[PDB]
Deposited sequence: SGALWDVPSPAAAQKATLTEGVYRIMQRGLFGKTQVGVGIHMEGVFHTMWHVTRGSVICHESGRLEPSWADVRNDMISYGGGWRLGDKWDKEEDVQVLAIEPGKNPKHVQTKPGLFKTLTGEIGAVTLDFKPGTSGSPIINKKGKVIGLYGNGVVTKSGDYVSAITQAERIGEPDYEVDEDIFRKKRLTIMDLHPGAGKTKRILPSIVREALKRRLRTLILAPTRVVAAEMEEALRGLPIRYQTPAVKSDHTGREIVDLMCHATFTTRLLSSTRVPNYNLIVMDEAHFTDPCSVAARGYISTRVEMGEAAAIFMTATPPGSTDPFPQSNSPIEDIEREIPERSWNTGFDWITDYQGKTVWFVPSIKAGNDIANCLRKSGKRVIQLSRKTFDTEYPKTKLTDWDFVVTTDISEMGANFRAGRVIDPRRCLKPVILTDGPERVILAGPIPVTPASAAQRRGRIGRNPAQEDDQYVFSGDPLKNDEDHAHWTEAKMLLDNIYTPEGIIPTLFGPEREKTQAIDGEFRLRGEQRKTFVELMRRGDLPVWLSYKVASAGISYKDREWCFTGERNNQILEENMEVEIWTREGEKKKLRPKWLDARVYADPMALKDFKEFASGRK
């Protein structure tokens, strides 16, 4: 709680003031320490105000309570060589709050206690009540060694710490002073769009996947999606010589993000760039319950998997806004339908609808957002509760017989996922009773996940002038048994692979299957050549397609990727592809 700050002489010791722990921040007044280190056995100054005479150690200003202008307070005066004495008084207004009590030298920084009973200010400097009006921050002195070539930094400050909104702009501002060629990577377009506003005044340029490269020759920062970067690498004839790459929300495990990390890592290793991965949950994360800006109530209890008729009154009785993470769109459809039956206003989020739907979570009003894992990647909600059954679907490449991709599960999420889901709330210092309602244990092992080998399909097909095959980022290499370069395509097969993903909008595995079979982009025969069991279903109907040349054919692909038909947007897109319009 309250600590005496002593100064060591040659053989003596004297009190020079008073400070307050919380934790994990030690608070005192500037003139007491002058920014020097203190130790109970070291505490380093991380935030200071010289004009108002305040300083804090170990983090930002924790004590945000203030005097209500009316009531009594207690100065917990810690006088040197004297016992701690509580003295009650009534402060007055002069605008500055001040006490009329006088204590002798060495008592400066003594806590003035609320009724009852947080600290509302510090005694010292009528005698003024000195109190900060700020939240954090603490202060981000940008370490210049993060800009050295062949250096990769993982910026892993907890969720809400301010990586995106506070540290990233600072770094970009600093990198622009150093005249570095900077690339910023955002997980989704809407998130990038948010970043665009927070980087106001700066020369940032948003880059779309419809353009393969875009060089201005001006001092300019490129902003783009993880996936846009990867797509440009597969298609552009220009090497992008950025010497600083910042990937934000670097926990994203979609194949394009994984491949991007590997390429950025290869670029660091070659010596051509510095790299920064921003995520509280880097590869290998085990902790599902990380630090938050505000206290979280972690509530464990049964959560419905589908529509419910009774026994979950706690879901709908709750009086704030809820973010509910579902394993799939279909599971989301069931949950959303059930909530709307009770007259609840729900917004549904998925990868393909994120761009249109997520903006609405800001400029409309709602009770529930029902989302897939996509909301783990920097999606901000002004909500008080997360419902997290800690469940997801996992794409898996089956080799038992003919090669296909299935969505396995629902299965438990990684610890990293659970943390990012939980991490949606507790982010607001002014709101202290956010809830994380969850069910089940998370699961580390996801070696059978299709995204890692798909990442290698992307990687194996990016060529560098140095002749080096880009490989998975270090911590991620164990997640596939795939051999470096085994997925490398060349000539027309390579070009068709890229095109099937870029314009065809097909998954990586499927695009690779079709292209390496020697099929041209515009040839769609394979969408109808599949066996009996490959018949695609939609809303309980066998899908039939009206082809390019006017034939009515059953949708029955040679290669079966569950992702083209498990996602209703992907099915609609795939039907257009099979038809030859795409």
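Taking the first deposited residue as 1, the stretches without any C-alpha atom are 1-20, 62-63, 117-121, 153-161.
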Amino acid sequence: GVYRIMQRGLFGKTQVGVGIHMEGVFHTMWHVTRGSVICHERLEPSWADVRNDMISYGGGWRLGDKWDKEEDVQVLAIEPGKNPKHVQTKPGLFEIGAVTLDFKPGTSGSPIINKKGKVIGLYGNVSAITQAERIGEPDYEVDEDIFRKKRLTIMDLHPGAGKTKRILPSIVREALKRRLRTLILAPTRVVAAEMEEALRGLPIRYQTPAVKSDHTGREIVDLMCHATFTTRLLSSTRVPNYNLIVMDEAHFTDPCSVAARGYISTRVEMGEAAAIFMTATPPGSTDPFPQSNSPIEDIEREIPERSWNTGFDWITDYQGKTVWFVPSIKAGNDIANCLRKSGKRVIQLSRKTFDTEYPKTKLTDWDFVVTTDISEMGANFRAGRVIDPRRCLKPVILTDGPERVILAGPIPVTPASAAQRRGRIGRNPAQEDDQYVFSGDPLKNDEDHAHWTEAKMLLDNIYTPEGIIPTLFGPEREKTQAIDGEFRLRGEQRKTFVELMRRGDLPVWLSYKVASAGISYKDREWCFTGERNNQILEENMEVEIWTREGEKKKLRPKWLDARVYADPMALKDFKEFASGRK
From here on, numbers count along this sequence of modelled residues.
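Comparing 353-361 with 218-226, the stretch with the higher mean C-alpha B-factor in the PDB entry is 353-361. Stretches 209-217 and 429-437 differ in mean C-alpha B factor, with the higher average recorded for 429-437.
In this entry, the residue among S127, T322, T471, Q291 with the greatest C-alpha B factor is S127. Among all modelled residues in this chain, the alpha-carbon of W546 has a temperature factor (C-alpha) in the highest third. Ranked by Cα temperature factor within the chain, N540 sits in the lowest third according to the deposited record.
When the modelled residues of the chain are ordered by their C-alpha B factor, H27 lands in the middle third.
Split the chain's modelled residues into thirds by C-alpha temperature factor. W526 is in the lowest one. In this PDB entry, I20 carries a Cα temperature factor that places it within the middle third of its chain's modelled residues.
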